[PDB]
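Participant: Here it is: the structure, laid out below.
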Amino acid sequence: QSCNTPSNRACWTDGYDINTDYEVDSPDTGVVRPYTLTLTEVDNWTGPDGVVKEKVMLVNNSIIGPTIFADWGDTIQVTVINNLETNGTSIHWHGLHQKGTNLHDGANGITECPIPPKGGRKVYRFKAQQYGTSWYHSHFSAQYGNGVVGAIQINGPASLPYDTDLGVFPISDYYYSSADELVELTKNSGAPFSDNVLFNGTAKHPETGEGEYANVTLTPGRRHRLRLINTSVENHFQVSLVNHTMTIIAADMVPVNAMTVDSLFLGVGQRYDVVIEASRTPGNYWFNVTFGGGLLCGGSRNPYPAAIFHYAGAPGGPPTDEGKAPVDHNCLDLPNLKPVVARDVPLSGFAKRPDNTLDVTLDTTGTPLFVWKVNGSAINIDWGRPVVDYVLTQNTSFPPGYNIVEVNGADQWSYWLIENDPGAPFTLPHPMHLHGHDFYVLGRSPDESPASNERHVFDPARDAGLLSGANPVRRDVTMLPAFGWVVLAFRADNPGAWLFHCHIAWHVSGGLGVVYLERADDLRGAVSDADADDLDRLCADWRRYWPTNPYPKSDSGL
Ligand SMILES: *[C@@H]1O[C@H](CO)[C@@H](O[C@@H]2O[C@H](CO)[C@@H](O[C@@H]3O[C@H](CO)[C@@H](O)[C@H](O[C@H]4O[C@H](CO)[C@@H](O)[C@H](O)[C@@H]4O[C@H]4O[C@H](CO)[C@@H](O)[C@H](O)[C@@H]4O[C@H]4O[C@H](CO)[C@@H](O)[C@H](O)[C@@H]4O)[C@@H]3O)[C@H](O)[C@H]2NC(C)=O)[C@H](O)[C@H]1NC(C)=O
Ligand SMILES: *[C@@H]1O[C@H](CO)[C@@H](O[C@@H]2O[C@H](CO)[C@@H](O[C@@H]3O[C@H](CO[C@H]4O[C@H](CO)[C@@H](O)[C@H](O[C@H]5O[C@H](CO)[C@@H](O)[C@H](O)[C@@H]5O)[C@@H]4O)[C@@H](O)[C@H](O)[C@@H]3O)[C@H](O)[C@H]2NC(C)=O)[C@H](O)[C@H]1NC(C)=O
Ligand SMILES: *[C@@H]1O[C@H](CO)[C@@H](O[C@@H]2O[C@H](CO)[C@@H](O[C@@H]3O[C@H](CO)[C@@H](O)[C@H](O)[C@@H]3O)[C@H](O)[C@H]2NC(C)=O)[C@H](O)[C@H]1NC(C)=O
Ligand SMILES: *[C@@H]1O[C@H](CO)[C@@H](O[C@@H]2O[C@H](CO)[C@@H](O[C@@H]3O[C@H](CO)[C@@H](O)[C@H](O)[C@@H]3O)[C@H](O)[C@H]2NC(C)=O)[C@H](O)[C@H]1NC(C)=O
Ligand SMILES: *[C@@H]1O[C@H](CO)[C@@H](O[C@@H]2O[C@H](CO)[C@@H](O)[C@H](O)[C@H]2NC(C)=O)[C@H](O)[C@H]1NC(C)=O
Ligand SMILES: *[C@@H]1O[C@H](CO)[C@@H](O)[C@H](O)[C@H]1NC(C)=O
Ligand SMILES: *[C@@H]1O[C@H](CO)[C@@H](O)[C@H](O)[C@H]1NC(C)=O
Ligand SMILES: [Ca+2]
Ligand SMILES: [Ca+2]
Ligand SMILES: [Cu+2]
Ligand SMILES: [Cu+2]
Ligand SMILES: [Cu+2]
Ligand SMILES: [Cu+2]
Ligand SMILES: [O-]
């Protein structure tokens, strides 16, 4: 029986609460949550701001798919039906650690082959051994930029009481060009501005006024949970609610001790759960997106993207207080979040070495102009020959573009200094994302404006003081600063092939990623006959389909 109430959100059930180590213990509900998702391709689709898009790719006929709802401890089973015309697809459950279920991670070329179009299907099955807000999206090149996105809401305890859960609130850049058109563009030009920003799938057009603002209703006097998600392909957002603060209670899938802020930076793929108290004069208030960092991590052709938060009982119409711009967040996420379930990372004798350093670089000396590399190699996988097929067939002859980084030893700690192109003339902020794990942010280069051109190259002597293992930020996306660095660590507790990549679609398309091959021998030993059978069958189906495809693979595949 549940003990989770508005006044006691910390409690879940007997023996299970906000302090439970959810990486060890989850309720055994015995419950399965089956879902079916169907992808379709639509030409000349009238979008939410009135502009007709040449082509979109939708989950259940929307550019935001159905939300995957579950409770902590449930089993989730998602049948994905690919009714696109030519593209394969693979659906990644972003933020779900897939503990012991690597082959359900949905990373084509890594953990599976793509699902063939015109009716291909597969069933993903995984456990809700975490709770909080996540999202799902295609990993088939930049396909999710066409609309193959949705939210995940796994209910469980929380670090603050609240009366009402308002639900998921995904915010996304929106382009009139297709994802494939934008990959082609960004091979030889920088990232463009978004045409608009959609809040829960809607917005007004900045010139015509067609469309509608998202409209979120607050109950006067009450505390409301809002589940923010940046589902963009490139835009990084600063969000703020006029005349209201937001109290953070979770970052990505990790509950944190409450932190009240006036505005919030959401990198691509980041989530924040916040509590908003409706304690102001009843009215209508803008929920604004703004951009900082010299627009180096996004801008939009809509100068004032916004939603409306409406107090129940107040008048209708638009807010009248335009509010003030928030502080410039410098394309940086919060460095001081504190997980409720605290952990210490050993930091005794850490030093920079070839085997714990990964340099992100941009190579502009060839064709295409923008080639992204990690440790000197642009990632490039073969959709028909996924990493885990090499592991299972005991083939160690990975192509160089697979960017395999071996991580061995059960329960080892794996440390990584990520450097942003030391010495380069121009660098960009990067939202770095690890599959299969939360990582720990041990430190990063001093906060700067990314437009300041102030360089920081990690100096092991000088910069040890910037590193700490005392309950570090723990999450699954964090920012690599322009002209700087970040040190990350994770525990080798999950045998699998795990992508680690920049979540800007143009960058991972263009080569910015590696594959952590974690405990490969253990992975081979743990993969069930059923998982191996399903891998092999889908890969056979994909390989039979691929030569009939009218289009080439245009990029890394990721
Ligand atoms: C963006 O657009 C999307 C799409 O239109 C919007 O999605 C909607 O989001 C709603 C909020 O998540 C969601 O409502 C939920 O729907 C499901 C039905 O499938 C239902 O389970 C939920 O019902 C709960 O919440 C309502 C209040 O809304 C309660 O009246 C109700 O009794 C349920 O309360 C229980 O669950 C809550 C968490 O969901 C708890 O906060 C609550 O305390 C209570 O939990 C206790 O009881 C449980 C059972 O006894 C127990 O397990 C637990 O431990 C506790 O003891 C709710 O109605 C819509 O379904 C969803 N619509 C779609 C189409 O997806 C979204 O809102 C938009 N975003 C914004 C910001 O506007
Ligand atoms: C996302 O969208 C999909 C649709 O694209 C939703 O799934 C559909 O759900 C509706 C109900 O909401 C169903 O509509 C009914 O269909 C009845 C006939 O169903 C049989 O025939 C279908 C056509 O051949 C066939 O697809 C279907 O198979 C499905 O269910 C079987 C039973 O579990 C299973 O063997 C298959 O895996 C397959 O999933 C049946 O054999 C009809 O009599 C009713 O009048 C009504 O129209 C659809 O059948 C569903 N389609 C599919 C493919 O599942 C899905 O719920 C949406 N998801 C969310 C989260 O909203
Ligand atoms: C956002 O959604 C809310 C619903 O949650 C809308 O609020 C509703 O707004 C209408 C007016 O647009 C209110 O009705 C009005 O009431 C007055 C007095 O009773 C009456 O004189 C008017 O003729 C009209 O009927 C309604 O009360 C209100 N509902 C709630 C629960 O507050 C709001 O309009 C939406 N905003 C936008 C921009 O769409
Ligand atoms: C939060 O979002 C809202 C909604 O987009 C922003 O409101 C907009 O603010 C701009 C800037 O002042 C307004 O433009 C001005 O319009 C007037 C009237 O046409 C004109 O005289 C000025 O020269 C200027 O163009 C705009 O009208 C207004 N939009 C709406 C619908 O009211 C708000 O500024 C945002 N706040 C923050 C802090 O970003
Ligand atoms: C996935 O489907 C899209 C949409 O049809 C394909 O996109 C086209 O790709 C060609 C070749 O690069 C371009 O000339 C077109 O401009 C693209 N069209 C649109 C609307 O974007 C894409 O090639 C497909 N990918 C695969 C691997 O099949
Ligand atoms: C970086 O690449 C070199 C080969 O160019 C390789 O020897 C080294 O092991 C790589 N480092 C990592 C961490 O993968
Ligand atoms: C192992 O992989 C390499 C590279 O993809 C391939 O050329 C070779 O044929 C594979 N070996 C076997 C036995 O399949
Ligand atoms: Ca260079
Ligand atoms: Ca078999
Ligand atoms: Cu993701
Ligand atoms: Cu992910
Ligand atoms: Cu990047
Ligand atoms: Cu990914
Ligand atoms: O991802």
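The way I read the labels, and the way they are meant: chains A, B, ... in the order of the structure tokens, residue 1 as the first residue of every chain, and ligand 1 as the first ligand shown, with later ones counted on from there.
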What are the nearest atom pairs, with distances in Å to one decimal, for all residues of chain A that come at most 10 Å from ligand 12, using only C-alpha atoms and all ligand atoms, set out by chain and rising residue number as JSON lines?
Facilitator:
```
{"residue": "A:234", "atom": "CA", "partner": "ligand 12", "partner_atom_place_in_ligand_line": "1 (Cu)", "distance": 8.5}
{"residue": "A:268", "atom": "CA", "partner": "ligand 12", "partner_atom_place_in_ligand_line": "1 (Cu)", "distance": 9.8}
{"residue": "A:297", "atom": "CA", "partner": "ligand 12", "partner_atom_place_in_ligand_line": "1 (Cu)", "distance": 8.9}
{"residue": "A:360", "atom": "CA", "partner": "ligand 12", "partner_atom_place_in_ligand_line": "1 (Cu)", "distance": 9.0}
{"residue": "A:362", "atom": "CA", "partner": "ligand 12", "partner_atom_place_in_ligand_line": "1 (Cu)", "distance": 9.9}
{"residue": "A:372", "atom": "CA", "partner": "ligand 12", "partner_atom_place_in_ligand_line": "1 (Cu)", "distance": 8.3}
{"residue": "A:420", "atom": "CA", "partner": "ligand 12", "partner_atom_place_in_ligand_line": "1 (Cu)", "distance": 9.9}
{"residue": "A:427", "atom": "CA", "partner": "ligand 12", "partner_atom_place_in_ligand_line": "1 (Cu)", "distance": 9.5}
{"residue": "A:428", "atom": "CA", "partner": "ligand 12", "partner_atom_place_in_ligand_line": "1 (Cu)", "distance": 6.9}
{"residue": "A:429", "atom": "CA", "partner": "ligand 12", "partner_atom_place_in_ligand_line": "1 (Cu)", "distance": 6.5}
{"residue": "A:430", "atom": "CA", "partner": "ligand 12", "partner_atom_place_in_ligand_line": "1 (Cu)", "distance": 3.9}
{"residue": "A:431", "atom": "CA", "partner": "ligand 12", "partner_atom_place_in_ligand_line": "1 (Cu)", "distance": 6.1}
{"residue": "A:432", "atom": "CA", "partner": "ligand 12", "partner_atom_place_in_ligand_line": "1 (Cu)", "distance": 7.4}
{"residue": "A:479", "atom": "CA", "partner": "ligand 12", "partner_atom_place_in_ligand_line": "1 (Cu)", "distance": 9.4}
{"residue": "A:480", "atom": "CA", "partner": "ligand 12", "partner_atom_place_in_ligand_line": "1 (Cu)", "distance": 8.5}
{"residue": "A:501", "atom": "CA", "partner": "ligand 12", "partner_atom_place_in_ligand_line": "1 (Cu)", "distance": 8.0}
{"residue": "A:502", "atom": "CA", "partner": "ligand 12", "partner_atom_place_in_ligand_line": "1 (Cu)", "distance": 4.6}
{"residue": "A:503", "atom": "CA", "partner": "ligand 12", "partner_atom_place_in_ligand_line": "1 (Cu)", "distance": 6.4}
{"residue": "A:504", "atom": "CA", "partner": "ligand 12", "partner_atom_place_in_ligand_line": "1 (Cu)", "distance": 5.0}
{"residue": "A:505", "atom": "CA", "partner": "ligand 12", "partner_atom_place_in_ligand_line": "1 (Cu)", "distance": 7.9}
{"residue": "A:506", "atom": "CA", "partner": "ligand 12", "partner_atom_place_in_ligand_line": "1 (Cu)", "distance": 7.5}
{"residue": "A:507", "atom": "CA", "partner": "ligand 12", "partner_atom_place_in_ligand_line": "1 (Cu)", "distance": 4.8}
{"residue": "A:508", "atom": "CA", "partner": "ligand 12", "partner_atom_place_in_ligand_line": "1 (Cu)", "distance": 7.0}
{"residue": "A:509", "atom": "CA", "partner": "ligand 12", "partner_atom_place_in_ligand_line": "1 (Cu)", "distance": 9.8}
{"residue": "A:510", "atom": "CA", "partner": "ligand 12", "partner_atom_place_in_ligand_line": "1 (Cu)", "distance": 9.3}
{"residue": "A:511", "atom": "CA", "partner": "ligand 12", "partner_atom_place_in_ligand_line": "1 (Cu)", "distance": 9.6}
{"residue": "A:512", "atom": "CA", "partner": "ligand 12", "partner_atom_place_in_ligand_line": "1 (Cu)", "distance": 6.8}
{"residue": "A:513", "atom": "CA", "partner": "ligand 12", "partner_atom_place_in_ligand_line": "1 (Cu)", "distance": 9.3}
```
Participant: Check every protein, DNA and RNA residue against ligand 13, keep those with an atom at most 7 Å away (counting only C-alpha atoms and all ligand atoms), and present them as a ChimeraX atom specification.
Facilitator: /A:107,139,433,435,499-501,503
Participant: Could you pull out the strand (DSSP E) residues of segment 210-380 of chain A from DSSP and send them as a ChimeraX atom specification?
Facilitator: /A:215-218,223-230,237-241,246-251,254-261,264-266,271-277,284-290,306-311,357-363,371-374
Participant: Can you pull out every residue with an atom within 7 Å of ligand 1? Use only C-alpha atoms and all ligand atoms and format it as an mmCIF file with N, CA and C atoms, in the first residue's frame.
Facilitator:
```cif
data_model
loop_
_atom_site.group_PDB
_atom_site.id
_atom_site.type_symbol
_atom_site.label_atom_id
_atom_site.label_comp_id
_atom_site.auth_asym_id
_atom_site.auth_seq_id
_atom_site.Cartn_x
_atom_site.Cartn_y
_atom_site.Cartn_z
ATOM 1 N N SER A 2 0.423 2.277 -0.723
ATOM 2 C CA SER A 2 1.206 3.492 -0.886
ATOM 3 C C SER A 2 1.104 4.407 0.328
ATOM 4 N N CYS A 3 2.221 5.056 0.656
ATOM 5 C CA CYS A 3 2.265 6.113 1.657
ATOM 6 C C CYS A 3 2.631 7.457 1.040
ATOM 7 N N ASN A 4 2.577 7.560 -0.280
ATOM 8 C CA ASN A 4 2.962 8.771 -0.995
ATOM 9 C C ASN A 4 1.753 9.692 -1.066
ATOM 10 N N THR A 5 1.839 10.836 -0.404
ATOM 11 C CA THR A 5 0.748 11.796 -0.320
ATOM 12 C C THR A 5 1.263 13.195 -0.588
ATOM 13 N N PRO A 6 0.360 14.154 -0.802
ATOM 14 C CA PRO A 6 0.810 15.543 -0.978
ATOM 15 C C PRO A 6 1.704 16.050 0.139
ATOM 16 N N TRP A 12 7.161 6.146 -0.320
ATOM 17 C CA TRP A 12 6.577 5.439 -1.458
ATOM 18 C C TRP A 12 5.726 4.271 -0.974
ATOM 19 N N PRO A 66 3.022 9.516 -27.400
ATOM 20 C CA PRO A 66 2.408 9.193 -26.109
ATOM 21 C C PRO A 66 3.444 9.060 -24.999
ATOM 22 N N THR A 67 3.079 9.505 -23.794
ATOM 23 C CA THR A 67 3.969 9.368 -22.645
ATOM 24 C C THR A 67 3.968 7.929 -22.136
ATOM 25 N N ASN A 155 6.546 7.163 -11.998
ATOM 26 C CA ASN A 155 6.197 7.733 -10.705
ATOM 27 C C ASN A 155 6.968 7.047 -9.585
ATOM 28 N N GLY A 156 7.232 7.821 -8.529
ATOM 29 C CA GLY A 156 7.926 7.370 -7.346
ATOM 30 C C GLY A 156 7.972 8.494 -6.322
ATOM 31 N N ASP A 163 1.330 19.304 -4.144
ATOM 32 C CA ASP A 163 -0.071 18.920 -4.191
ATOM 33 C C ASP A 163 -0.445 18.216 -5.484
ATOM 34 N N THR A 164 0.033 18.734 -6.613
ATOM 35 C CA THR A 164 -0.414 18.335 -7.941
ATOM 36 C C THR A 164 0.781 18.137 -8.861
ATOM 37 N N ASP A 165 0.794 17.025 -9.598
ATOM 38 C CA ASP A 165 1.771 16.792 -10.664
ATOM 39 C C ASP A 165 1.165 17.281 -11.974
ATOM 40 N N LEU A 166 1.746 18.339 -12.546
ATOM 41 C CA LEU A 166 1.253 18.876 -13.808
ATOM 42 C C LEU A 166 1.667 18.028 -14.999
ATOM 43 N N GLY A 167 2.625 17.137 -14.816
ATOM 44 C CA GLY A 167 3.024 16.233 -15.864
ATOM 45 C C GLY A 167 4.191 16.759 -16.669
ATOM 46 N N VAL A 168 4.467 16.039 -17.754
ATOM 47 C CA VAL A 168 5.634 16.343 -18.561
ATOM 48 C C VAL A 168 5.410 17.643 -19.326
ATOM 49 N N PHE A 169 6.491 18.399 -19.504
ATOM 50 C CA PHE A 169 6.459 19.671 -20.229
ATOM 51 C C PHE A 169 7.695 19.718 -21.111
ATOM 52 N N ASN A 200 5.398 21.755 -25.127
ATOM 53 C CA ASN A 200 4.423 20.667 -25.185
ATOM 54 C C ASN A 200 3.753 20.614 -26.556
ATOM 55 N N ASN A 215 -0.689 26.231 -22.457
ATOM 56 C CA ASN A 215 -1.495 26.861 -21.412
ATOM 57 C C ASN A 215 -1.551 25.894 -20.238
ATOM 58 N N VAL A 216 -0.783 26.204 -19.200
ATOM 59 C CA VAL A 216 -0.642 25.355 -18.024
ATOM 60 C C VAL A 216 -1.414 26.007 -16.888
ATOM 61 N N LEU A 226 6.356 20.216 -12.007
ATOM 62 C CA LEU A 226 6.451 20.412 -13.447
ATOM 63 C C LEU A 226 7.682 19.664 -13.936
#
```
Participant: Tell me which of A:526, A:405, A:410, A:96 sits closest to ligand 6, counting only C-alpha atoms and all ligand atoms.
Facilitator: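 Closest to ligand 6, using only C-alpha atoms and all ligand atoms: A:405.
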Participant: Residues at most 10 Å from ligand 4, using only C-alpha atoms and all ligand atoms? Could they come as a PyMOL selection string?
Facilitator: chain A and resi 203-204+206+209+213+238-242+285-291+302-308+317-326
Participant: Now that the selection is made, can you save its residues with N, CA and C atoms as a compact mmCIF listing (two decimals), in the first residue's frame?
Facilitator:
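out-v2.txt was written with the following content:
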```txt
# COMPACT_ATOMS: atom_id res chain seq x y z
N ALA A 203 3.07 26.48 -30.08
CA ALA A 203 3.63 27.82 -30.03
C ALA A 203 2.84 28.67 -31.00
N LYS A 204 2.95 29.99 -30.83
CA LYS A 204 2.50 30.94 -31.84
C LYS A 204 3.65 31.25 -32.79
N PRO A 206 6.03 33.68 -34.71
CA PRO A 206 6.50 35.01 -34.29
C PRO A 206 6.09 36.14 -35.23
N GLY A 209 1.39 35.17 -35.92
CA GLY A 209 0.53 34.95 -34.78
C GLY A 209 -0.36 33.73 -34.87
N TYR A 213 -0.34 29.47 -27.67
CA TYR A 213 0.58 29.20 -26.58
C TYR A 213 0.13 27.95 -25.83
N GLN A 238 17.31 28.66 -21.61
CA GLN A 238 17.10 29.25 -20.29
C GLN A 238 15.60 29.43 -20.12
N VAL A 239 15.04 28.88 -19.03
CA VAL A 239 13.61 29.00 -18.80
C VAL A 239 13.37 29.74 -17.50
N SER A 240 12.27 30.49 -17.48
CA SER A 240 11.91 31.30 -16.33
C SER A 240 10.41 31.55 -16.38
N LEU A 241 9.77 31.57 -15.22
CA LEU A 241 8.36 31.91 -15.08
C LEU A 241 8.26 33.29 -14.43
N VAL A 242 7.66 34.25 -15.14
CA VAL A 242 7.58 35.61 -14.63
C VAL A 242 7.02 35.59 -13.21
N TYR A 285 0.83 34.40 -16.46
CA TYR A 285 2.26 34.65 -16.38
C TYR A 285 2.98 33.95 -17.52
N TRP A 286 3.90 34.66 -18.17
CA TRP A 286 4.67 34.05 -19.23
C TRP A 286 5.66 33.04 -18.65
N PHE A 287 5.77 31.91 -19.32
CA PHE A 287 6.89 30.99 -19.15
C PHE A 287 7.78 31.18 -20.37
N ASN A 288 8.94 31.80 -20.16
CA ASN A 288 9.80 32.25 -21.25
C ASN A 288 10.99 31.34 -21.48
N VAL A 289 11.35 31.18 -22.75
CA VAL A 289 12.65 30.68 -23.17
C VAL A 289 13.49 31.87 -23.61
N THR A 290 14.72 31.91 -23.11
CA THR A 290 15.74 32.84 -23.56
C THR A 290 17.03 32.06 -23.82
N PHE A 291 17.95 32.72 -24.51
CA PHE A 291 19.22 32.13 -24.90
C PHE A 291 20.35 32.98 -24.37
N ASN A 302 12.24 33.00 -33.41
CA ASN A 302 11.21 33.58 -32.56
C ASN A 302 11.91 34.33 -31.45
N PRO A 303 11.82 35.66 -31.39
CA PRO A 303 12.60 36.41 -30.39
C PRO A 303 12.14 36.20 -28.96
N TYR A 304 10.89 35.76 -28.75
CA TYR A 304 10.32 35.64 -27.41
C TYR A 304 9.45 34.39 -27.34
N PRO A 305 10.06 33.21 -27.45
CA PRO A 305 9.29 31.97 -27.31
C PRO A 305 8.75 31.85 -25.90
N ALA A 306 7.50 31.41 -25.78
CA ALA A 306 6.87 31.41 -24.47
C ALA A 306 5.65 30.51 -24.44
N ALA A 307 5.29 30.12 -23.21
CA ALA A 307 4.03 29.50 -22.86
C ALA A 307 3.33 30.38 -21.83
N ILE A 308 2.10 30.01 -21.49
CA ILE A 308 1.30 30.76 -20.52
C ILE A 308 0.99 29.86 -19.34
N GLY A 317 -6.90 35.32 -21.63
CA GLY A 317 -6.06 36.21 -22.40
C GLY A 317 -4.60 36.04 -22.06
N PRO A 318 -3.74 36.82 -22.69
CA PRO A 318 -2.30 36.64 -22.50
C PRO A 318 -1.80 37.40 -21.28
N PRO A 319 -0.70 36.95 -20.68
CA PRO A 319 -0.06 37.75 -19.63
C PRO A 319 0.20 39.17 -20.11
N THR A 320 0.26 40.10 -19.15
CA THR A 320 0.57 41.49 -19.46
C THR A 320 1.92 41.95 -18.93
N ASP A 321 2.56 41.18 -18.06
CA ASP A 321 3.87 41.52 -17.52
C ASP A 321 4.93 40.77 -18.32
N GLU A 322 5.72 41.51 -19.11
CA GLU A 322 6.73 40.87 -19.94
C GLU A 322 7.90 40.34 -19.12
N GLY A 323 8.06 40.80 -17.88
CA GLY A 323 9.12 40.32 -17.02
C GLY A 323 10.48 40.81 -17.47
N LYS A 324 11.50 40.33 -16.78
CA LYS A 324 12.88 40.69 -17.07
C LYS A 324 13.65 39.47 -17.56
N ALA A 325 14.64 39.72 -18.40
CA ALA A 325 15.48 38.64 -18.87
C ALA A 325 16.22 38.03 -17.69
N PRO A 326 16.39 36.71 -17.67
CA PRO A 326 17.19 36.08 -16.62
C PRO A 326 18.67 36.35 -16.82
```
Participant: Show me which residues line ligand 7, defined as having an atom within 6 Å of a ligand atom where only C-alpha atoms and all ligand atoms count, and present them as a PyMOL selection string.
Facilitator: chain A and resi 395+397-398
Participant: Quick one: residues within 7 Å of ligand 11, with only C-alpha atoms and all ligand atoms, as a ChimeraX atom specification?
Facilitator: /A:92-95,433-435
